[PDB]
Amino acid sequence: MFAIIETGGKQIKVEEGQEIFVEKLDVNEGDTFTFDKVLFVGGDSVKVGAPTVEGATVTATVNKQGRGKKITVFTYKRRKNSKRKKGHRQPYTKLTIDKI
Amino acid sequence: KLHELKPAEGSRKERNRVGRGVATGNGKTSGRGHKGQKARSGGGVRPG
Amino acid sequence: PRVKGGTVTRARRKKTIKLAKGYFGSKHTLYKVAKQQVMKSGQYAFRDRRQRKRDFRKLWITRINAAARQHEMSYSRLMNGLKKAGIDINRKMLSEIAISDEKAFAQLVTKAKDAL
Amino acid sequence: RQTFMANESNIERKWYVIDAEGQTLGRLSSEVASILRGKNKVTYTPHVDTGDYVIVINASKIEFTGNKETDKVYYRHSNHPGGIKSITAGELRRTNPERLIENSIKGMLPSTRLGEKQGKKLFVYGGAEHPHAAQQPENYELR
Amino acid sequence: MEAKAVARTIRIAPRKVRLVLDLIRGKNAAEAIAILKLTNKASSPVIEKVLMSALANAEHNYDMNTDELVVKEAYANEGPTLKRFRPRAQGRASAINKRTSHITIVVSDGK
Amino acid sequence: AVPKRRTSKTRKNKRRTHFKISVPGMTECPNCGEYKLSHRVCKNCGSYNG
RNA sequence: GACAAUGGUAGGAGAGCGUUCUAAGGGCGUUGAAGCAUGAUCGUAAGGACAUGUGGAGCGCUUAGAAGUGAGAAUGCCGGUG
RNA sequence: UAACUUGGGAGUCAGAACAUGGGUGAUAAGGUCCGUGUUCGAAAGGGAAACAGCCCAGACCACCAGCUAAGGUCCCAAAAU
RNA sequence: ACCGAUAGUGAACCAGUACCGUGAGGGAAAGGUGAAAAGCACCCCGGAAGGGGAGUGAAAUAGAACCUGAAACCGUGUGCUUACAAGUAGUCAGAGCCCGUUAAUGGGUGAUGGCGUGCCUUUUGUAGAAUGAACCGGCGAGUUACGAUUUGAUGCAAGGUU
């Protein structure tokens, strides 16, 4: 089966044993995490609705706490001596689902 | 010691160099403006 | 003392030529032409990062429209019905359910019709 | 990133037949174009072909409205100095009814490389008989 | 095993030589000799001596038989240019490039 | 007239697709054993048959 | 931790990168310096390392000092090549 | 939530369109000369097919999240045949 | 706390020389094998130049056109792709086919779809059919002396300073 979870700003579709990428959390590498907000569950079992499912947590374990690839931001205006250059690396958090 | 020297706080400052690229803020026209008598080499009018 | 060039001009010009690999003809060989195209690539990518979000929302809505028409109703009345019930599931998740779970989507079209 | 993308490994195409008797020319052409592209499927992908094949029989007795039988005119130019041709829509119906339907539908599809391929799946016949019986075409009703 | 010979600083334009080299690239040694002897171009006799020198290297320096040999590589490279002038009208002079090439031929037994 | 733009190396090499020379057109001499041109005499022993 | 601000030409203000030489201290190098070439590396930017080939004798680091101190354009000057 | 005073350093003195109040011209001009607002200049993004000056609206950076403005919902082309 | 061969005298080298002008007069370019010539005896292809071995040497891709040897430009061989298509040549999305890294949500190529008229200067306003640049490399533009004023720092103080 699968569930829909809200991990801050966005939503994810998760199964069991699947590894996912999210935005940075306050947990450490190795400890357990719980998703308290689940919007939909399907599969063979009875479909549950919305706005929030009563309980129905999801558990996962943290794998790595890293940053994404660097992208260079560059803009300019023609015939006007104006330009800017910036780097950026977005931090993420890796998780593996184990119990819906 | 001769290998650890330090001038007093706030006693030195680096000079400004013009005509060294647009990012400095004084790149092309070096702060003079556009096409006048005061934008030529040799200056303009007398002080009075 | 006299300060000459060397090992500084070549180093920064090679960095620009190395970012233009794969470009056509002299746009990956000559520094002056390559420098112009690398600036345009950065300007294009800034614009395209924000157009990529408008391109994918349109794709999901098109798929939700096709699935809903199979249940004798349009997209506009589907989103009104879900809103009047409080599903709060975004367009990205509704599209992924209609493609995969055919009879789970029918569980959501009914409640959208129950509230009219 | 969760979005599904269809590709040639899993595209399924089928055949349809549509009757063009007693219908308005433009109201039928707009509906056929939405099928050739694949706008009626839940796996629509912009950069790959997904639509189905359409057979249009009884291309005659396609009906206009108003005075379009004499007023609507089609122009073309042969790219030679001073050569421009003309024909009336009521005159093309009785001498080339297949081109009348075919050009109207092709005007509703994008003019890309994929648009030309997507327009090659339309077959129009002026009578009630078609030779594509090797496939298994299905009857289609217009929305 | 391969053997090679080089002719350096040949006073012929590099892109006039390459036309002949396109015919003998990949042919048997006995067939390449005949093609060069029957083609009526200026650079054919020059390339003839380079292939003959490389064939004789495979018999004395090495131990290879000249019946199983093929022309493995045949290319031309640019050399120094001789700079001259030509008096034109109205008191002007135009430059003339007398070009030069390096010719290399490699013959292989196979393997 | 004079050229308006520099010609690139891609366009220059396309134009030289057909610029090349052909094979001499030779046959084997069945008295010499070596190659000769068709309808021309042999150059080894200088014989011409037929 | 709570709130607020951050489009920009002429032009004003502030903080920095890199280059050659000097002083003091501390180091590397034929078991291989500088230079050159390649690479899927690091920092918000100017930019800094590491590994492998070539090379055959010099060169970095820290804190200060002084400048012939940064090039894409002047129908710019000189050389090479289309 | 600004304003006034004293010191160091400037650039600017070729402006344009739209609406409106007038002179001049012919109740002509994408004309010209003044008063009053806006935008461009020095402003990217959405709409007007394309279109510095018109309508909406002011980009610190990243996201395959949500609600709206002008303008729109038969097909091209997202949403009412 | 001067230069290091486009620098420093025009001239590091047979330079006021080659060369140019009736004459007065104007004026360049050109340094580097190796510690030691130990500067390749001898054999093979050729008329010769040139080369392949064998030797010298730590090294010959150090062989006198000789330290290092960049870019433009010219060639040979190969992985992916291209002959119904309207292109400021890129960017975002994306199958298929090949590889394997400074090991990390990796590298090469690209069937298709969306968006998109170079850079500088000068202008009210430039894709502009307004200016400039054929390409690559080196060189090429707010400095110093003596006075005035203002700001920061430091020493002494009704005195400060030669």
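Read-outs: derived from the displayed coordinates by stated rules, not from any lab. Cβ sites come from the backbone with ideal geometry, for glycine too, and all protein chains shown count toward neighbours.
GNM on chain E, alpha-carbon springs under 10 angstrom: the most fluctuating residue among E:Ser94, E:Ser43, E:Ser53 is E:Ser94. The angle separating the long axis of helix D:97-106 from the principal Cα axis of greatest extent in chain D is about 50 degrees. Label sites at D:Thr24 and E:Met52, each approximated as a point 7 angstrom past Cα along Cα to Cβ, lie 9.1 nm apart. Return, ordered by residue number, the residues of region E:39-63 whose backbone nitrogen is under 19 Å from a label point located 7 Å along Cα→Cβ of E:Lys111. Answer for this model: E:55-63.
GNM, chain E, Cα, under 10 Å: largest mean-square fluctuation among E:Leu69, E:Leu19, E:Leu82? Result: E:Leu82 has the largest fluctuation of those listed.
In plain terms, the residue of C:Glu96, D:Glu138 with the fewest other Cβ atoms within 10 Å comes first and the most crowded comes last, giving D:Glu138, C:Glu96. For E:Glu59, the shell of other residues with beta-carbons less than 13 Å away shows a net charge of -4, using +1 for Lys and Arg and -1 for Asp and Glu.
Computed from Cα atoms, the angle from the helix E:44-60 axis to the main principal axis of chain E rounds to 30 degrees. With each label modelled as a point 7 angstrom along the Cα→C-beta vector, the D:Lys117-F:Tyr48 pair spans 6.3 nm.
Taking label points 7 Å from Cα along the Cα-to-Cβ direction, D:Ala134 and A:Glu19 give a separation of 5.0 nm.
Taking the helices alone, chain D has a mean residue ellipticity at 222 nm of -6500 deg cm²/dmol, built from -39,500 (n - 2.57) per DSSP H run of at least 4 residues and averaged over all its residues.
Overall dimensions of chain C, expressed as equivalent-ellipsoid semi-axes from the Cα gyration tensor (√(5λ), whole Å, largest first), are 56, 14, 11. For C:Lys92, the shell of other residues with beta-carbons less than 9 Å away shows a net charge of +3, using +1 for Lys and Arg and -1 for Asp and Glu. Using the Cβ-Cβ distance between B:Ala23 and D:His47 with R0 set to 60 Å, the FRET efficiency works out to roughly 0.90. Taking 4.7 Å between beta carbons as the limit, the unpaired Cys residues of the protein assembly as shown are F:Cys45.
In degrees from 0 to 90, rounded to the nearest 10, what is the angle of the helix D:25-37 Cα long axis to the longest principal axis of chain D? Between helix and principal axis, roughly 30 degrees. 3J(HN,Hα) couplings calculated from phi for region A:2-13 with the Karplus curve 6.51 cos²θ - 1.76 cosθ + 1.60 (θ = phi - 60°) are, in sequence order, 8, 9, 9, 10, 10, 9, x, x, 10, 10, 10, 10 Hz; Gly and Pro show x.
As a proxy for reagent exposure, D:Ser78, D:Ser60 were ordered by neighbouring Cβ count within 10 angstrom, fewest first; the result is D:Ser78, D:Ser60. Given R0 = 25 Å, the distance between the Cβ atoms of A:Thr61 and D:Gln2 translates into a calculated FRET efficiency of 0.75. FRET efficiency for C:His71 and A:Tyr76, Cβ-Cβ distance as r, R0 = 41 Å, nearest 0.05? Result of the calculation: an efficiency of 0.20. Take each residue in D:40-47, count the other chain C-beta atoms within 10 Å of its C-beta, and the mean is 5. A simple packing score, the average count of other Cβ atoms within 10 Å per residue, orders the peptides D:105-113, A:39-47 as A:39-47, D:105-113, with the highest score first.
Where a ≥ b ≥ c are the square roots of the eigenvalues of the C-alpha gyration tensor, would you call the protein assembly as shown rounded, which needs a/c under 1.5, or, failing that, prolate if a/b is larger than b/c, or oblate? Verdict is oblate for the protein assembly as shown. Peptide C:84-96 has a mean shielding of 5, counted as Cβ atoms of other protein chains within 10 Å of each residue's Cβ.
Under the criterion of Cα pairs below 8 Å and six or more residues apart, the relative contact order for chain A equals 33 percent.
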